[PDB]
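Trainee: Take a look at entry.cif, mmCIF, C-alpha atoms:
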```cif
data_structure
#
loop_
_atom_site.label_atom_id
_atom_site.label_comp_id
_atom_site.auth_asym_id
_atom_site.auth_seq_id
_atom_site.Cartn_x
_atom_site.Cartn_y
_atom_site.Cartn_z
CA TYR C 26 20.43 -142.65 262.41
CA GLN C 27 21.83 -139.79 264.46
CA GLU C 28 23.93 -136.63 264.25
CA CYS C 29 25.28 -134.42 267.01
CA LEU C 30 25.86 -130.78 267.88
CA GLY C 31 27.50 -129.45 271.01
CA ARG C 32 27.38 -132.22 273.60
CA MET C 33 24.12 -133.83 272.54
CA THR C 34 22.72 -135.98 269.82
CA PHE C 35 19.39 -136.73 268.21
CA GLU C 36 18.03 -139.11 265.63
CA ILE C 37 16.86 -137.91 262.22
CA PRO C 38 13.60 -139.13 260.60
CA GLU C 39 15.26 -138.88 257.09
CA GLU C 40 17.85 -136.95 255.07
CA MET C 41 18.96 -133.64 256.50
CA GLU C 42 21.39 -130.92 255.44
CA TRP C 43 23.67 -128.89 257.70
CA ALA C 44 24.07 -125.19 257.10
CA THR C 45 27.74 -124.58 256.23
CA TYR C 46 29.73 -121.44 255.44
CA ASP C 47 29.13 -120.27 251.88
CA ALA C 48 31.49 -121.65 249.20
CA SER C 49 31.48 -118.36 247.27
CA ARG C 50 32.49 -116.47 250.44
CA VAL C 51 35.12 -118.83 251.88
CA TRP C 52 37.71 -116.38 250.60
CA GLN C 53 36.22 -113.93 253.08
CA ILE C 54 35.54 -116.27 255.97
CA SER C 55 37.80 -113.80 257.80
CA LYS C 56 34.77 -111.46 257.90
CA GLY C 57 32.86 -114.21 259.65
CA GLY C 58 29.09 -114.10 259.91
CA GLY C 59 27.56 -117.56 259.83
CA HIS C 60 26.66 -120.70 257.96
CA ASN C 61 23.84 -120.64 255.45
CA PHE C 62 22.05 -123.08 253.23
CA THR C 63 21.74 -120.62 250.42
CA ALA C 64 22.60 -116.95 250.37
CA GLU C 65 19.17 -115.99 251.54
CA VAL C 66 18.04 -119.18 253.31
CA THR C 67 19.93 -118.43 256.53
CA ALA C 68 19.72 -118.05 260.28
CA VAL C 69 21.66 -115.23 261.84
CA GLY C 70 24.80 -116.28 263.64
CA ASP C 71 25.17 -120.00 262.82
CA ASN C 72 28.71 -120.68 264.09
CA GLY C 73 30.41 -121.96 267.25
CA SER C 74 32.11 -120.53 270.34
CA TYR C 75 34.31 -122.39 272.80
CA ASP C 76 35.90 -121.29 276.06
CA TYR C 77 39.48 -121.76 274.99
CA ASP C 78 41.01 -118.35 274.27
CA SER C 79 37.61 -116.97 273.30
CA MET C 80 37.39 -119.09 270.21
CA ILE C 81 34.88 -118.63 267.36
CA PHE C 82 34.92 -121.25 264.65
CA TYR C 83 33.23 -122.17 261.38
CA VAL C 84 33.23 -124.89 258.74
CA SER C 85 32.66 -124.42 255.00
CA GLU C 86 30.93 -126.47 252.37
CA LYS C 87 33.11 -128.37 249.91
CA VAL C 88 35.31 -126.00 247.92
CA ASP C 89 38.45 -126.14 245.83
CA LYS C 90 41.77 -125.94 247.68
CA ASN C 91 42.20 -122.54 246.10
CA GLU C 92 39.69 -120.96 248.47
CA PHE C 93 41.82 -122.21 251.37
CA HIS C 94 44.67 -120.05 250.08
CA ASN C 95 42.36 -117.12 249.26
CA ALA C 96 41.07 -117.09 252.85
CA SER C 97 44.64 -116.83 254.07
CA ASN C 98 45.38 -114.15 251.50
CA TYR C 99 42.29 -112.10 252.38
CA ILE C 100 43.42 -112.04 256.01
CA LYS C 101 46.87 -110.82 254.97
CA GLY C 102 45.36 -108.39 252.48
CA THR C 103 42.91 -106.66 254.76
CA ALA C 104 45.62 -106.42 257.43
CA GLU C 105 47.79 -104.19 255.31
CA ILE C 106 44.85 -102.23 254.00
CA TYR C 107 44.37 -101.45 257.68
CA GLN C 108 47.99 -100.28 258.14
CA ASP C 109 47.61 -98.02 255.12
CA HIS C 110 44.38 -96.68 256.62
CA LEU C 111 46.18 -96.02 259.92
CA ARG C 112 49.12 -94.45 258.15
CA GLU C 113 46.90 -91.93 256.41
CA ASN C 114 44.77 -91.30 259.47
CA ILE C 115 48.00 -90.49 261.31
CA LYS C 116 48.65 -87.75 258.75
CA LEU C 117 45.08 -86.40 258.68
CA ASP C 118 45.35 -85.64 262.43
CA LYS C 119 48.87 -84.30 262.14
CA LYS C 120 47.33 -81.85 259.68
CA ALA C 121 44.58 -81.19 262.23
CA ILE C 122 47.05 -80.35 264.95
CA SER C 123 48.79 -77.72 262.88
CA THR C 124 45.51 -76.11 261.91
CA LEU C 125 44.92 -75.95 265.62
CA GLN C 126 48.31 -74.46 266.72
CA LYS C 127 47.59 -71.48 264.46
CA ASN C 128 45.09 -70.32 267.14
CA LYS C 133 45.58 -79.63 275.63
CA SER C 134 43.09 -80.77 273.01
CA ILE C 135 45.97 -81.08 270.56
CA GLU C 136 47.43 -83.19 273.33
CA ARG C 137 44.46 -85.57 273.22
CA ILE C 138 45.10 -86.00 269.47
CA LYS C 139 48.86 -86.71 269.73
CA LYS C 140 48.14 -89.85 271.77
CA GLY C 141 45.65 -91.23 269.28
CA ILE C 142 48.55 -90.74 266.90
CA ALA C 143 51.09 -92.43 269.17
CA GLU C 144 48.66 -95.26 269.83
CA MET C 145 47.80 -96.05 266.22
CA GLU C 146 51.50 -95.59 265.47
CA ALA C 147 52.11 -98.48 267.87
CA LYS C 148 49.23 -100.40 266.26
CA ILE C 149 51.08 -100.41 262.91
CA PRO C 150 53.76 -103.09 263.51
CA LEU C 151 51.11 -105.27 265.20
CA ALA C 152 48.64 -104.88 262.36
CA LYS C 153 51.05 -106.80 260.11
CA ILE C 154 50.16 -110.48 259.70
CA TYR C 155 52.81 -113.23 259.62
CA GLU C 156 52.60 -116.97 259.12
CA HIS C 157 53.47 -119.15 262.11
CA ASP C 158 54.75 -122.68 261.56
CA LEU C 159 53.48 -124.82 264.43
CA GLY C 160 54.10 -128.04 262.52
CA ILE C 161 50.47 -128.50 261.50
CA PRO C 162 49.77 -130.07 258.09
CA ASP C 163 47.62 -128.27 255.52
CA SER C 164 47.23 -125.08 257.50
CA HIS C 165 47.60 -121.31 257.55
CA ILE C 166 48.36 -120.10 261.08
CA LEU C 167 48.44 -116.29 260.95
CA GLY C 168 48.91 -113.65 263.63
CA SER C 169 51.10 -110.78 264.78
CA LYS C 170 54.87 -111.28 264.87
CA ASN C 171 54.74 -112.65 268.44
CA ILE C 172 51.28 -114.17 268.67
CA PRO C 173 49.16 -116.47 266.45
CA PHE C 174 45.34 -116.25 266.14
CA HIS C 175 43.47 -117.33 263.00
CA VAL C 176 43.80 -120.97 261.98
CA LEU C 177 42.68 -122.14 258.56
CA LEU C 178 42.58 -125.94 258.13
CA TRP C 179 42.20 -127.69 254.78
CA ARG C 180 40.56 -131.07 255.58
CA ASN C 181 38.37 -133.22 253.30
CA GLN C 182 37.48 -130.54 250.68
CA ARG C 183 36.43 -128.10 253.46
CA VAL C 184 37.96 -125.14 255.17
CA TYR C 185 37.73 -125.01 258.95
CA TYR C 186 38.42 -121.55 260.40
CA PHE C 187 39.19 -121.06 264.09
CA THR C 188 39.93 -117.58 265.31
CA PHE C 189 40.97 -116.64 268.86
CA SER C 190 39.63 -113.46 270.40
CA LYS C 191 41.61 -113.44 273.70
CA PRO C 192 45.00 -114.97 272.78
CA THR C 193 47.94 -115.20 275.13
CA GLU C 194 51.72 -114.99 275.22
CA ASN C 195 51.49 -118.79 275.14
CA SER C 196 49.20 -118.83 272.11
CA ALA C 197 51.46 -120.83 269.82
CA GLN C 198 51.40 -123.81 272.13
CA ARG C 199 47.70 -123.46 272.98
CA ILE C 200 46.74 -123.51 269.30
CA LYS C 201 48.81 -126.61 268.61
CA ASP C 202 47.33 -128.44 271.61
CA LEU C 203 43.70 -127.78 270.65
CA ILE C 204 44.07 -128.66 266.94
CA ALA C 205 45.56 -131.96 268.06
CA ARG C 206 42.11 -132.91 269.42
CA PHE C 207 40.30 -131.63 266.33
CA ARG C 208 39.19 -134.26 263.85
CA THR C 209 36.99 -134.31 260.83
CA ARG C 210 33.69 -136.13 261.01
CA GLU C 211 31.14 -137.09 258.44
CA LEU C 212 27.36 -136.71 258.46
CA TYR C 213 25.74 -139.24 260.84
CA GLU C 214 29.10 -140.22 262.46
CA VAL C 215 28.56 -140.01 266.20
CA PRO C 216 31.73 -139.90 268.34
CA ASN C 217 31.97 -142.08 271.40
CA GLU C 218 33.99 -139.75 273.56
CA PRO C 219 33.74 -136.50 275.52
CA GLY C 220 33.77 -133.64 273.04
CA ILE C 221 31.70 -131.14 271.13
CA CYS C 222 30.52 -131.63 267.56
CA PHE C 223 29.75 -129.16 264.88
CA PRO C 224 28.90 -129.98 261.24
CA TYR C 225 31.56 -132.35 259.88
CA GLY C 226 33.74 -131.42 262.83
CA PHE C 227 34.58 -132.58 266.33
CA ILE C 228 36.84 -131.40 269.14
CA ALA C 229 37.67 -133.98 271.78
CA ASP C 230 37.99 -132.79 275.31
CA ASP C 231 37.49 -133.33 279.00
CA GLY C 232 33.79 -132.59 278.91
CA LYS C 233 34.23 -129.63 281.19
CA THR C 234 34.92 -126.71 278.88
CA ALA C 235 32.23 -124.15 278.25
CA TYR C 236 30.72 -123.83 274.81
CA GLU C 237 27.92 -122.35 272.71
CA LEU C 238 26.81 -123.76 269.37
CA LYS C 239 24.13 -122.95 266.81
CA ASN C 240 23.54 -124.45 263.38
CA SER C 241 20.50 -124.92 261.20
CA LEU C 242 19.08 -128.13 259.69
CA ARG C 243 16.86 -128.80 256.74
CA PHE C 244 14.81 -131.78 255.79
CA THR C 245 16.06 -132.30 252.25
CA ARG C 246 12.59 -132.92 250.83
CA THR C 247 11.20 -129.79 252.60
CA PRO C 248 13.78 -127.07 251.85
CA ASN C 249 11.51 -124.12 252.80
CA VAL C 250 11.61 -124.86 256.56
CA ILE C 251 14.82 -124.77 258.60
CA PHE C 252 15.50 -125.68 262.23
CA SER C 253 18.16 -123.61 263.91
CA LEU C 254 19.47 -125.74 266.79
CA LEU C 255 21.12 -123.96 269.66
CA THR C 256 23.00 -125.40 272.62
CA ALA C 257 25.30 -124.02 275.30
CA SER C 258 26.76 -125.33 278.53
CA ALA C 259 25.00 -124.42 281.79
CA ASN C 260 25.25 -120.72 282.66
CA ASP C 261 27.57 -120.06 279.73
CA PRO C 262 29.83 -116.97 279.75
CA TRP C 263 28.24 -115.50 276.56
CA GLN C 264 24.81 -115.53 278.30
CA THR C 265 23.24 -116.93 275.18
CA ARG C 266 19.48 -116.70 275.46
CA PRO C 267 16.99 -119.04 273.73
CA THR C 268 16.26 -116.32 271.15
CA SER C 269 19.97 -115.75 270.65
CA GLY C 270 20.16 -115.03 266.95
CA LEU C 271 16.55 -114.13 266.36
CA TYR C 272 15.96 -110.35 266.32
CA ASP C 273 12.20 -109.45 265.73
CA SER C 274 11.48 -109.92 262.00
CA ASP C 275 10.92 -113.46 263.02
CA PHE C 276 8.63 -112.40 265.87
CA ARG C 277 6.47 -110.00 263.81
CA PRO C 278 6.65 -110.63 260.10
CA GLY C 279 5.68 -108.10 257.54
CA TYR C 280 2.63 -109.14 255.67
CA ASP C 281 -0.30 -107.26 254.33
CA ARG C 282 -3.07 -107.94 256.74
CA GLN C 283 -5.66 -107.85 253.94
CA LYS C 284 -4.61 -110.96 251.97
CA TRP C 285 -2.87 -113.03 254.71
CA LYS C 286 -4.15 -113.68 258.23
CA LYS C 287 -1.60 -113.87 261.07
CA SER C 288 -2.80 -116.38 263.67
CA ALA C 289 -0.75 -117.33 266.74
CA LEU C 290 0.76 -120.82 266.62
CA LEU C 291 0.79 -122.66 269.94
CA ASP C 292 1.95 -126.21 270.55
CA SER C 293 3.89 -128.43 272.95
CA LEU C 294 6.92 -130.57 272.54
CA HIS C 295 9.50 -132.82 274.19
CA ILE C 296 13.28 -132.41 274.08
CA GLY C 297 14.71 -135.12 276.24
CA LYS C 298 11.99 -136.11 278.41
CA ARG C 299 11.59 -132.49 279.54
CA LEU C 300 8.55 -130.88 277.91
CA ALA C 301 8.64 -127.37 276.58
CA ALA C 302 6.29 -125.07 274.86
CA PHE C 303 6.79 -124.25 271.29
CA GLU C 304 5.21 -120.91 270.64
CA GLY C 305 5.40 -118.65 267.60
CA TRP C 306 3.26 -117.27 264.80
CA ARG C 307 1.75 -118.50 261.58
CA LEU C 308 0.73 -116.97 258.20
CA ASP C 309 -1.88 -118.42 255.83
CA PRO C 310 -3.76 -117.02 252.81
CA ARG C 311 -7.35 -115.93 253.40
CA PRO C 312 -9.82 -117.95 251.31
CA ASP C 313 -10.69 -115.12 248.92
CA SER C 314 -7.27 -113.76 247.94
CA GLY C 315 -5.71 -116.10 245.38
CA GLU C 316 -2.49 -116.74 247.31
CA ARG C 317 -0.70 -119.97 248.26
CA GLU C 318 2.49 -118.80 250.00
CA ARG C 319 2.56 -119.47 253.77
CA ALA C 320 5.02 -118.67 256.55
CA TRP C 321 5.39 -119.70 260.17
CA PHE C 322 7.84 -119.33 263.00
CA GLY C 323 8.35 -121.07 266.29
CA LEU C 324 10.64 -121.49 269.28
CA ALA C 325 10.99 -124.02 272.13
CA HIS C 326 13.68 -124.25 274.80
CA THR C 327 14.66 -126.12 277.94
CA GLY C 328 17.29 -124.30 279.99
CA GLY C 329 19.93 -123.87 280.84
CA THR C 330 20.78 -123.81 284.48
CA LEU C 331 21.76 -127.29 285.73
CA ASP C 332 22.46 -128.80 282.33
CA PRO C 333 22.92 -127.37 278.80
CA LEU C 334 20.49 -124.93 277.28
CA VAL C 335 18.78 -126.50 274.26
CA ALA C 336 16.61 -124.31 272.02
CA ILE C 337 14.91 -124.79 268.66
CA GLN C 338 14.18 -121.88 266.36
CA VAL C 339 12.13 -122.64 263.25
CA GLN C 340 11.54 -120.26 260.35
CA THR C 341 10.22 -120.35 256.82
CA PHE C 342 11.39 -119.06 253.45
CA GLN C 343 9.25 -118.18 250.46
CA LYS C 344 9.05 -119.77 247.02
CA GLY C 345 11.63 -118.30 244.65
CA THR C 346 13.71 -116.97 247.49
CA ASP C 347 16.62 -118.85 246.02
CA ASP C 348 16.59 -122.33 244.61
CA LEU C 349 13.29 -122.77 246.45
CA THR C 350 10.68 -123.60 243.82
CA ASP C 351 7.73 -124.59 245.98
CA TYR C 352 5.49 -122.83 248.47
CA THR C 353 6.13 -123.30 252.16
CA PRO C 354 4.35 -126.38 253.53
CA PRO C 355 2.08 -125.51 256.46
CA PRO C 356 3.25 -126.49 259.94
CA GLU C 357 1.02 -129.55 260.33
CA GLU C 358 3.15 -131.26 257.67
CA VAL C 359 6.51 -130.37 259.20
CA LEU C 360 5.85 -130.47 262.94
CA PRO C 361 5.54 -134.27 263.51
CA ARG C 362 8.98 -134.90 262.04
CA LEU C 363 10.24 -132.02 264.18
CA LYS C 364 8.77 -133.42 267.42
CA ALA C 365 10.17 -136.82 266.58
CA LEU C 366 13.69 -135.40 266.29
CA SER C 367 13.02 -133.25 269.37
CA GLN C 368 12.17 -136.10 271.76
CA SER C 369 15.25 -138.05 270.71
CA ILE C 370 17.64 -135.41 272.05
CA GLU C 371 20.00 -136.54 274.79
CA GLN C 372 23.50 -135.71 275.95
CA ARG C 373 26.42 -138.05 275.15
#
```
Show how you would write the structure in this file as structure tokens.
Mentor:
Amino acid sequence: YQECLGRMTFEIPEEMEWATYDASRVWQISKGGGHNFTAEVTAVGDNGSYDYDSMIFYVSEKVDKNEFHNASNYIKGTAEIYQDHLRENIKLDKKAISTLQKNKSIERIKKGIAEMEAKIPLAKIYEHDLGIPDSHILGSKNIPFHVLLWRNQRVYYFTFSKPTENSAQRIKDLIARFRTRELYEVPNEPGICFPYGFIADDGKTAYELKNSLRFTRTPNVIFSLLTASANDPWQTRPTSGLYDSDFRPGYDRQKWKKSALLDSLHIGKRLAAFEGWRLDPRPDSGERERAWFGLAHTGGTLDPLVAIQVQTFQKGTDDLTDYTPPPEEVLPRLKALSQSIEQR
């Protein structure tokens, strides 16, 4: 009873839920942050990167086909808002130059003008027909980047950061190897998985993936899983999307005690330390809410980096109606999943 991410796979001790891009924000997937579970039950940066033309890519939860069109229309919309913004900024500096000539620096301004004046025709978005069904392929007049795919009630958004003069053909070649997938369907072929997605390939292209899981019966704990090919170009470290509010929580030291949380764990057969912190209510204060955090990782250097970030969310932080279970109830099912990890 498996599932995969990146180039590996793992069994699951029961029901689990992938974090997917928010249904209510699919219209602004163009502003891409990351998948969540809820609005506030989230890891930072749950998406995917792939060493095609610097590709970042996401996958939404099930939405109506209307959001697919909204996404495309937001891209087009913000792109002419930009132009307007450039057009007025061009004038605001032209007014600056004259205020100046009243009295070499004006030179420096006239280029900024000439260079955002050249930006204007390229800031316009157009639709490219590359003969792809149920799609919105947007881009400049010469070059496509941005691909929205409508597939099984979900939007899939791929966006290319370093496109080329040959982008049209490169986008049609890659999409050809894309394929939807369903929960627990494990491909039998070189490729990289993400939630409900898959991209067949040679097994040689560099990648970095991160997406959180949730045991459906324990919603308050999430497991951000992180994997990247060996010595990846984005230099993604085991703490990649973590940031320090996870390392030192804010708690009032008088009603909750913050004790270090130290354990050990297996990924494949390699053993790695899981070390983080832990929050529990002192016996006197009448509190039940708990919180813990933890991270294990095996590099990284001759095979893919695999890391596990765990974090906790509080009761009433969304649709969460119970207190966080303490780690001794979650960790066994985590270690079980952890040991089952293997490449494909």
Trainee: Determine the residue set returned by the PyMOL selection byres ((chain C and resi 224) around 12) for the present structure, and present it as a PyMOL selection string.
Mentor: chain C and resi 28-31+41-46+60+71-73+82-86+183-185+208-215+221-223+225-228+238-242+254
Trainee: Where does the PyMOL selection byres ((chain C and resi 35) around 10) land in this file, that is, which residues does it pick, as a PyMOL selection string?
Mentor: chain C and resi 26-30+33-34+36-38+215+296-297+365-373
Trainee: Would you mind exporting C-alpha atoms of the selected residues as a PDB file, in the coordinates of the input?
Mentor:
```
ATOM      1  CA  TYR C  26      20.430-142.650 262.410  1.00  0.00           C
ATOM      2  CA  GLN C  27      21.830-139.790 264.460  1.00  0.00           C
ATOM      3  CA  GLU C  28      23.930-136.630 264.250  1.00  0.00           C
ATOM      4  CA  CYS C  29      25.280-134.420 267.010  1.00  0.00           C
ATOM      5  CA  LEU C  30      25.860-130.780 267.880  1.00  0.00           C
ATOM      6  CA  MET C  33      24.120-133.830 272.540  1.00  0.00           C
ATOM      7  CA  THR C  34      22.720-135.980 269.820  1.00  0.00           C
ATOM      8  CA  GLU C  36      18.030-139.110 265.630  1.00  0.00           C
ATOM      9  CA  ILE C  37      16.860-137.910 262.220  1.00  0.00           C
ATOM     10  CA  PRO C  38      13.600-139.130 260.600  1.00  0.00           C
ATOM     11  CA  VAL C 215      28.560-140.010 266.200  1.00  0.00           C
ATOM     12  CA  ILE C 296      13.280-132.410 274.080  1.00  0.00           C
ATOM     13  CA  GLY C 297      14.710-135.120 276.240  1.00  0.00           C
ATOM     14  CA  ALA C 365      10.170-136.820 266.580  1.00  0.00           C
ATOM     15  CA  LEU C 366      13.690-135.400 266.290  1.00  0.00           C
ATOM     16  CA  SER C 367      13.020-133.250 269.370  1.00  0.00           C
ATOM     17  CA  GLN C 368      12.170-136.100 271.760  1.00  0.00           C
ATOM     18  CA  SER C 369      15.250-138.050 270.710  1.00  0.00           C
ATOM     19  CA  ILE C 370      17.640-135.410 272.050  1.00  0.00           C
ATOM     20  CA  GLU C 371      20.000-136.540 274.790  1.00  0.00           C
ATOM     21  CA  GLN C 372      23.500-135.710 275.950  1.00  0.00           C
ATOM     22  CA  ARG C 373      26.420-138.050 275.150  1.00  0.00           C
TER      23      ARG C 373
END
```
Trainee: Nearest residue to residue 268 in chain C out of C:326, C:287, C:137, C:112, using all atoms listed in the file?
Mentor: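 Nearest candidate to residue 268 in chain C out of C:326, C:287, C:137, C:112: C:326.
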Trainee: Got a sec to resolve the PyMOL selection byres ((chain C and resi 74) around 10) on this structure and send the residues as a PDB file with C-alpha atoms, in the coordinates of the input?
Mentor:
```pdb
ATOM      1  CA  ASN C  72      28.710-120.680 264.090  1.00  0.00           C
ATOM      2  CA  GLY C  73      30.410-121.960 267.250  1.00  0.00           C
ATOM      3  CA  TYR C  75      34.310-122.390 272.800  1.00  0.00           C
ATOM      4  CA  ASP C  76      35.900-121.290 276.060  1.00  0.00           C
ATOM      5  CA  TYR C  77      39.480-121.760 274.990  1.00  0.00           C
ATOM      6  CA  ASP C  78      41.010-118.350 274.270  1.00  0.00           C
ATOM      7  CA  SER C  79      37.610-116.970 273.300  1.00  0.00           C
ATOM      8  CA  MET C  80      37.390-119.090 270.210  1.00  0.00           C
ATOM      9  CA  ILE C  81      34.880-118.630 267.360  1.00  0.00           C
ATOM     10  CA  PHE C  82      34.920-121.250 264.650  1.00  0.00           C
ATOM     11  CA  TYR C  83      33.230-122.170 261.380  1.00  0.00           C
ATOM     12  CA  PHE C 187      39.190-121.060 264.090  1.00  0.00           C
ATOM     13  CA  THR C 188      39.930-117.580 265.310  1.00  0.00           C
ATOM     14  CA  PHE C 189      40.970-116.640 268.860  1.00  0.00           C
ATOM     15  CA  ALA C 235      32.230-124.150 278.250  1.00  0.00           C
ATOM     16  CA  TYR C 236      30.720-123.830 274.810  1.00  0.00           C
ATOM     17  CA  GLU C 237      27.920-122.350 272.710  1.00  0.00           C
ATOM     18  CA  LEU C 238      26.810-123.760 269.370  1.00  0.00           C
ATOM     19  CA  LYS C 239      24.130-122.950 266.810  1.00  0.00           C
ATOM     20  CA  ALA C 257      25.300-124.020 275.300  1.00  0.00           C
ATOM     21  CA  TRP C 263      28.240-115.500 276.560  1.00  0.00           C
TER      22      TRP C 263
END
```
Trainee: If I take CA of residue 149 in chain C and CA of residue 172 in chain C, how far is one from the other in Å, to one decimal?
Mentor: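 It comes out at 14.9 Å.
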Trainee: Using CA of residue 304 in chain C and CA of residue 280 in chain C as the two end points, give the distance in Å to one decimal.
Mentor: 19.2 Å
Trainee: If we count all atoms listed in the file, what is near residue 250 in chain C at a cut-off of 6 Å, once residues fewer than 2 positions away on the same chain are taken out, given as an MDAnalysis selection string?
Mentor: chainID C and resid 248 340:341
Trainee: Rank nothing, just name the residue among C:247, C:49, C:169, C:108 nearest to residue 88 in chain C, using all atoms listed in the file.
Mentor: C:49
Trainee: With distances taken over all atoms listed in the file, which of C:96, C:331, C:291, C:152 is nearest to residue 164 in chain C?
Mentor: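 Smallest distance to residue 164 in chain C is found for C:96.
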Trainee: So the first atom is CA of residue 194 in chain C and the second is CA of residue 115 in chain C; what is the distance between them in Å, to one decimal place?
Mentor: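 Here the two named atoms are 28.4 Å from each other.
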Trainee: May I have the residues within 12 Å of residue 310 in chain C as a list in words, using only C-alpha atoms and disregarding those fewer than 3 positions away in the same chain?
Mentor: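 Within the cut-off, the hits are residues 280, 281, 282, 283, 284, 285, 286, 287, 288, 307, 313, 314, 315, 316, 317, 318, 319, 320, 352, 353 and 355 of chain C.
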Trainee: Find the residue from C:148, C:127, C:175, C:90 that sits nearest to residue 110 in chain C; use only C-alpha atoms when measuring.
Mentor: C:148
Trainee: Under the rule that only C-alpha atoms are counted, which of C:190, C:264, C:67, C:171 is the nearest residue to residue 346 in chain C?
Mentor: C:67
Trainee: Missing atoms in range 202-214 of chain C: can you complete it with N, CA, C and O atoms, as a PDB file, in the coordinates of the input?
Mentor:
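Final output, saved to part29.pdb:
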```
ATOM      1  N   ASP C 202      47.968-127.438 270.760  1.00  0.00           N
ATOM      2  CA  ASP C 202      47.330-128.440 271.610  1.00  0.00           C
ATOM      3  C   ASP C 202      45.881-128.688 271.230  1.00  0.00           C
ATOM      4  O   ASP C 202      45.436-129.842 271.174  1.00  0.00           O
ATOM      5  N   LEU C 203      45.117-127.622 270.980  1.00  0.00           N
ATOM      6  CA  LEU C 203      43.700-127.780 270.650  1.00  0.00           C
ATOM      7  C   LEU C 203      43.471-128.478 269.312  1.00  0.00           C
ATOM      8  O   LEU C 203      42.659-129.416 269.225  1.00  0.00           O
ATOM      9  N   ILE C 204      44.191-128.039 268.265  1.00  0.00           N
ATOM     10  CA  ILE C 204      44.070-128.660 266.940  1.00  0.00           C
ATOM     11  C   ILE C 204      44.351-130.150 266.994  1.00  0.00           C
ATOM     12  O   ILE C 204      43.802-130.936 266.204  1.00  0.00           O
ATOM     13  N   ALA C 205      45.229-130.556 267.904  1.00  0.00           N
ATOM     14  CA  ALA C 205      45.560-131.960 268.060  1.00  0.00           C
ATOM     15  C   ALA C 205      44.322-132.803 268.389  1.00  0.00           C
ATOM     16  O   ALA C 205      44.245-133.983 268.011  1.00  0.00           O
ATOM     17  N   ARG C 206      43.346-132.215 269.082  1.00  0.00           N
ATOM     18  CA  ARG C 206      42.110-132.910 269.420  1.00  0.00           C
ATOM     19  C   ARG C 206      41.015-132.681 268.384  1.00  0.00           C
ATOM     20  O   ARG C 206      39.966-133.336 268.447  1.00  0.00           O
ATOM     21  N   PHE C 207      41.236-131.783 267.432  1.00  0.00           N
ATOM     22  CA  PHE C 207      40.300-131.630 266.330  1.00  0.00           C
ATOM     23  C   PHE C 207      40.399-132.819 265.376  1.00  0.00           C
ATOM     24  O   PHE C 207      41.425-133.496 265.279  1.00  0.00           O
ATOM     25  N   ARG C 208      39.316-133.066 264.657  1.00  0.00           N
ATOM     26  CA  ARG C 208      39.190-134.260 263.850  1.00  0.00           C
ATOM     27  C   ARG C 208      38.020-134.068 262.912  1.00  0.00           C
ATOM     28  O   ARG C 208      36.965-133.591 263.341  1.00  0.00           O
ATOM     29  N   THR C 209      38.189-134.420 261.645  1.00  0.00           N
ATOM     30  CA  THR C 209      36.990-134.310 260.830  1.00  0.00           C
ATOM     31  C   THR C 209      36.033-135.444 261.147  1.00  0.00           C
ATOM     32  O   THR C 209      36.374-136.439 261.784  1.00  0.00           O
ATOM     33  N   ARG C 210      34.806-135.253 260.708  1.00  0.00           N
ATOM     34  CA  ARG C 210      33.690-136.130 261.010  1.00  0.00           C
ATOM     35  C   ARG C 210      32.847-136.124 259.757  1.00  0.00           C
ATOM     36  O   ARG C 210      32.905-135.177 258.964  1.00  0.00           O
ATOM     37  N   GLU C 211      32.079-137.175 259.542  1.00  0.00           N
ATOM     38  CA  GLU C 211      31.140-137.090 258.440  1.00  0.00           C
ATOM     39  C   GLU C 211      29.728-137.239 258.962  1.00  0.00           C
ATOM     40  O   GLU C 211      29.500-137.811 260.032  1.00  0.00           O
ATOM     41  N   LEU C 212      28.795-136.652 258.209  1.00  0.00           N
ATOM     42  CA  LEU C 212      27.360-136.710 258.460  1.00  0.00           C
ATOM     43  C   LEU C 212      26.942-138.085 258.964  1.00  0.00           C
ATOM     44  O   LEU C 212      27.248-139.110 258.345  1.00  0.00           O
ATOM     45  N   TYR C 213      26.286-138.097 260.121  1.00  0.00           N
ATOM     46  CA  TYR C 213      25.740-139.240 260.840  1.00  0.00           C
ATOM     47  C   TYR C 213      26.814-140.003 261.634  1.00  0.00           C
ATOM     48  O   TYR C 213      26.481-140.986 262.277  1.00  0.00           O
ATOM     49  N   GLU C 214      28.071-139.561 261.651  1.00  0.00           N
ATOM     50  CA  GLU C 214      29.100-140.220 262.460  1.00  0.00           C
ATOM     51  C   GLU C 214      29.067-139.658 263.874  1.00  0.00           C
ATOM     52  O   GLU C 214      29.354-138.476 264.088  1.00  0.00           O
TER      53      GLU C 214
END
```
